[PDB]
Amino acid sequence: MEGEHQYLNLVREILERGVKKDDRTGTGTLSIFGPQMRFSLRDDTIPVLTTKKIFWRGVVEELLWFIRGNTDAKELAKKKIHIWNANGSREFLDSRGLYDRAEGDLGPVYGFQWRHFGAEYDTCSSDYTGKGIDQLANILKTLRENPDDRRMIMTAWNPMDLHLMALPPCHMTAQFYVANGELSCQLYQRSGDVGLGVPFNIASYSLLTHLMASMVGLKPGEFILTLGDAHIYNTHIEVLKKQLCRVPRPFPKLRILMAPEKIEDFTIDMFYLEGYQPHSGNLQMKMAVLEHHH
């Protein structure tokens, strides 16, 4: 089934057939390996879940921060995006043997790889202009000049750099593909928290694909998310069973007002979501209170 049903069906598969495993800290999960979801980006569609409210402004500011090749959690915190703060904290960096790292300095995580792959990392505020392999720039050019290319790979998976990172990347490799004037993206995510990180990854990479299509005169096509270890934390099970009861509404549309000459110069003002109408869950809570009584 299409659209949001690909996500809900994944949740159900893990609840019903997942294996009882443990993570790094010994907290309980249900787990399967290798599932895939596919989302249309046609007719301006952007797969932002309707069965719960996604933090859209967080999706955008994180993605633009990636695109700039930035790695300072403090720059997101200034925009009131706090999702990277815990990974940049003194305690977290210390637990990874990053004793000489300033608070907020995540190291060469996603963005740095996207724009500066193979460069030597100094701090999150050093000037990395023309350093390393600009994977994202290379793909944009290839999309303009030779869109049939089968090597349009962007990876954050550098085994030399993993020990310098707050955490090893999980949305780790993407491939782009063009057919009939349409740009598709597949993401390989080795580890996906299906209750929390995965809905965010779907919105984030779908947005990246709409933005990249802008840059290169193509239309958006599909976003494919392929997972390694797809898991649900035991603490989320009950909330996710209630989410599965909620009928999806149509996905919102992304409206782009302009595209700048360089993709790192996108600002949040240049595009918006039209028709985003997520569940609040109030009607379901009312029916639970009413049904209990009978």
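Numbers follow the displayed sequence, beginning with 1.
Taking the PDB entry as given, 23-31 carries the higher mean Cα B factor of the two stretches 61-69 and 23-31. Out of 89, 129, 186, 206, it is 129 whose C-alpha atom has the highest B-factor in the PDB entry. Annotation for 98, 77, 156, 153: 77 ranks highest, by Cα B-factor. Split the chain's modelled residues into thirds by C-alpha temperature factor. Residue 10 is in the lowest one.
Among the modelled residues of its chain, residue 285 has a C-alpha B-factor that falls in the highest third, as given in the PDB entry. Remark: residue 54 belongs to the highest third of its chain, ranked by C-alpha B-factor as recorded.
In the deposited entry, the Cα temperature factor of residue 175 places it in the lowest third of its chain's modelled residues. For residue 107, the recorded CA B-factor ranks within the lowest third of the chain. Only modelled residues enter the ranking.
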